Amino acid sequence: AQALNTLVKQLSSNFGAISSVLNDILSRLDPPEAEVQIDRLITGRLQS
Amino acid sequence: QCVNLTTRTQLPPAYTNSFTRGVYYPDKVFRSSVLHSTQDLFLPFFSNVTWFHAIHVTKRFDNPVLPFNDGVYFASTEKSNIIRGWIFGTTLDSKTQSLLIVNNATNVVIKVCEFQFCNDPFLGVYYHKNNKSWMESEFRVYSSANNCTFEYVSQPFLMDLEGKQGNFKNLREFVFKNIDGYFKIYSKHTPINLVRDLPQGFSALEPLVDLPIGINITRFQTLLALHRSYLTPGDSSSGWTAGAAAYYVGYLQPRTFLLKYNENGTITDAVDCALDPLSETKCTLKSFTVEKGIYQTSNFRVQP
Amino acid sequence: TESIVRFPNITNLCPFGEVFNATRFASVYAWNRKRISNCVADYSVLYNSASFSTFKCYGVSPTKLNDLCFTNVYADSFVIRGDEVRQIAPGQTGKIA
Amino acid sequence: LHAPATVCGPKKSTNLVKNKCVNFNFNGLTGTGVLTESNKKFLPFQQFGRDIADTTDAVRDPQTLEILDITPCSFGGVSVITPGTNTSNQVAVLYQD
Ligand SMILES: *[C@@H]1O[C@H](CO)[C@@H](O)[C@H](O)[C@H]1NC(C)=O
Ligand SMILES: *[C@@H]1O[C@H](CO)[C@@H](O)[C@H](O)[C@H]1NC(C)=O
């Protein structure tokens, strides 16, 4: 249970991006710029 | 317009301990049946607040200009309901803008202007005999007003003048906060009776209003209602005309609180992280029923 | 199967023109600020007209801004020499900033 | 800062539908899922909730001020039962949950 919790809770973190939700990223920023923020989110989520 | 009243003798200060009292919902987001830990401005869980016996009755009055620092918790309880508003500001004069909130039996008004507030402000009412009814025309709170940039009106949210006496003490609680150009006010209202005039029970403050007003505030003072009486020349008396009143004031601090949102989406239990080592355990474990054992709550280093 | 959109039915327009062509502009040391809220803004008009030399958006893309909602908008106004325009940007060091 | 929105864009609010996976956009917050009537109320002017994560569990309709709950729509892994290509070619699919 602990592991699962701490996995799902890691979705709340943004790992240095401007937001923790991909929907906010893709609604606020254009693809060429949102690419780097999504890169940060991808790296953080993959590591977790 | 201007009116002044002073007392040579000054009522002494008084400190009183404060229990769980003073917990408010930290965010506008909703939650339910979950334990959530968040850092925000709360008054320490067991905190020595300043209790003011503002009006006593052979009678004396208190008009203090209390300090303000990153939020304030206010509490009161009385049948007369003398308290009828607040004033906030860096200087409380025309030199800079200042905030005023006033309440009546039918509406609540809020304004931001360079008010020239008096040193002993109050709102006066008297029983007009011609109209055979109470009248309110003595706004002795301020001397002048200018540059009325921001104004707002709302309902009499908690001006309920219940006609009950005895074991029906009514408690009104408020929290004022200033964050990034927002003056945000939470409040709660509940009848409870205890030996002391502030119960140890646990309840949460709901968000009352939010004003998007940018201002620097470090001072504030209460507003009290004075019921004038027809003092004829034979009496040859004049001065304060109001019943006894008192309240409690406390200063918020940046703390981490763990709150227990119930099934109905209500918080009825919370713990302060820094209050006690046991509360540190409860916070780090994100629970209230800590099992027997030894826990690495946190870490400490001798500071330089 | 379907996509829905829900916004409050605020049938009012509050363009920023009253601030943009304000005849008098405050000094930089006394930069003017205006708060706008509770209204619908058509941001397209802002960037659809060839009337602005620099239009730089930080943390949000101008194209998508017509499909976003916000709590409040603070419009700041001042005047500076063109060479120092770049100083108005986060993370910039200079006397003006 | 996840607060009620007062500034919006020029987008007409479409009709609200329930019981089917839809791509929703409520006063700025965008997502997708099935929408239903929530089983409990918020504070008098508390307008959405959350689950253990930042994913939204409930939302208040900005048009009708009605409470609603959101659930991710039917999803899951898919596997297939195959007795071996070198013995047959039919296969039976299995949707996990
Ligand atoms: C929560 O809601 C249920 C169902 O309406 C009710 O029975 C219960 O009393 C509520 N909780 C409290 C603390 O009143
Ligand atoms: C706007 O929405 C409110 C809330 O339902 C409704 O009462 C009102 O009639 C609506 N006005 C228009 C013009 O649609």
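What counts and what doesn't
- Residues numbered from 1 in each chain as written, not as in the entry; some residues may be left out.
- Chains lettered and ligands numbered in written order.
- Part of a larger assembly, values for the part shown.
- Heavy atoms only, no water.
- Helix = DSSP H or I, 4+ residues; strand = E, 2+ residues; numbered from the N terminus.
- Rg over C-alpha atoms; globule rule 2.2 N^0.38 Å.
- Buried < 20%, exposed > 50% of the residue type's maximum accessible area, 1.4 Å probe, protein only.
- Contact = heavy atoms within 4.5 Å.
- Areas by Shrake-Rupley, 256 points an atom, 1.4 Å probe, with all protein chains shown as cover.
- Core = buried A, V, L, I, M, F, W, Y, C linked by side-chain atoms within 4.5 Å.
- Disulfide = S-S within 2.5 Å.
- UniProt positions renumbered as here; feature names shortened; annotations may be inferred.
- Buried area = accessible area lost by both parts, 1.4 Å probe.
- Salt bridge = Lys/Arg side-chain N within 4 Å of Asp/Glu carboxyl O.
- Polar contact = N/O pair within 3.5 Å; in protein donor to acceptor, adjacent residues only side chain to side chain.
- Nonpolar A, V, L, I, M, F, W, Y, C, P; charged D, E, K, R; others polar.

Method of structure determination, per the deposited record: cryo-EM was used for this entry, reaching 3.6 Å resolution.

(A) Spatial organisation of the overall build of chain D. A tally of helices and strands in chain D yields zero helices and seven strands. Counting from the amino terminus, chain D carries its helices and strands in the arrangement β-β-β-β-β-β-β. For 97 residues, the compact-globule formula gives about 13 Å, and the C-alpha radius of gyration of chain D, at 20 Å, lies well above that figure. Considered along the principal axes of its C-alpha atoms, chain D spans approximately 65 × 30 × 25 Å. Taken over 97 residues, chain D has a buried fraction of 35%. Taking contacts inside chain D between residues at least 6 apart in sequence as the whole, the part at least 24 apart equals 31%. Working note: accessible area of chain D is about 6,100 Å², and carbon and sulfur atoms make up 56% of it.

(B) Focus on the nonpolar core. Residues B:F88, B:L99, B:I101, B:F183, B:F220 and B:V249 are the most contacted members of the largest nonpolar core, which totals 37 residues. The residues touching B:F88, leaving out its near neighbours within four places in the chain, are B:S98, B:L99, B:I101, B:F176, B:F183, B:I217, B:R219 and B:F220. If you look at the next biggest cluster of nonpolar residues, it comprises 23 residues, including B:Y25, B:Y73, B:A204 and D:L43.

(C) Geometry of the environment of B:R31. All names here are of chain B. Of note, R31 is situated in the loop between β2 (23-24) and β3 (34-42). Spatially, the C-alpha atom of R31 lies 44 Å from that of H56, the residues being 25 residues apart in sequence. In contact with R31, other than residues within four places in its own chain, are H36, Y261 and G265.

(D) The UniProt feature "disulfide bond" in chain D, seen in detail. Residue and element names in this part refer to chain D. Between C21 and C73, where UniProt places a disulfide bridge, the two sulfur atoms sit 2.0 Å from each other, close enough for the bridge to exist in this structure. One end of the pair, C21, is in the loop between β1 (7-8) and β2 (22-26); the other, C73, is in the loop between β5 (67-71) and β6 (78-81), and 52 residues separate them in sequence. The exposure class assigned to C73 is partly exposed, which follows from its relative accessible area of 23%.

(E) Structural context of the interface of chain B and chain D. Facing 10 residues of chain B, the contacting portion of chain D comprises 13 residues. With both sides pooled, the region where chain B packs onto chain D buries about 1,100 Å², and carbon together with sulfur makes up 63% of that total. Remark: the boundary between chain B and chain D carries zero salt bridges. At the junction of chain B with chain D, the criterion picks out five residue pairs in polar contact. Tallying contributions element by element places strand β16 (residues 204-211) of chain B first for the side of chain B that touches chain D, with three residues. In terms of residue class, the side of chain B that touches chain D is built from six nonpolar, one polar and three charged.

(F) Representation of the interface of chain C and chain D within the structure. Facing the 24 residues of chain C at the interface are 30 residues of chain D. Between chain C and chain D the total buried area reaches about 2,600 Å² when both faces are included, carbon and sulfur atoms providing 52% of it. Sorting the residues of chain C by area buried against chain D places C:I4, C:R6 and C:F7 first, and these three jointly supply 35% of that buried surface. D:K20 is the salt-bridge partner of C:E2, the closest N and O atoms lying 3.2 Å from each other. Here chain C and chain D share 19 residue pairs in polar contact between them. Within the residue set of the side of chain C that touches chain D, elements represented by two or more residues are β1 (2-6) and β3 (39-40) of chain C. The element that contributes the greatest number of residues to the side of chain C that touches chain D is β1(C), accounting for five residues. Of the residues that constitute the side of chain C that touches chain D, the class distribution is 12 nonpolar, eight polar and four charged.

(G) Up close: the state of the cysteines. For the structure shown, the criterion picks out one disulfide over all chains. Free of any disulfide, B:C283 has its nearest neighbouring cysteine sulfur in B:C273, separated by 3.6 Å.

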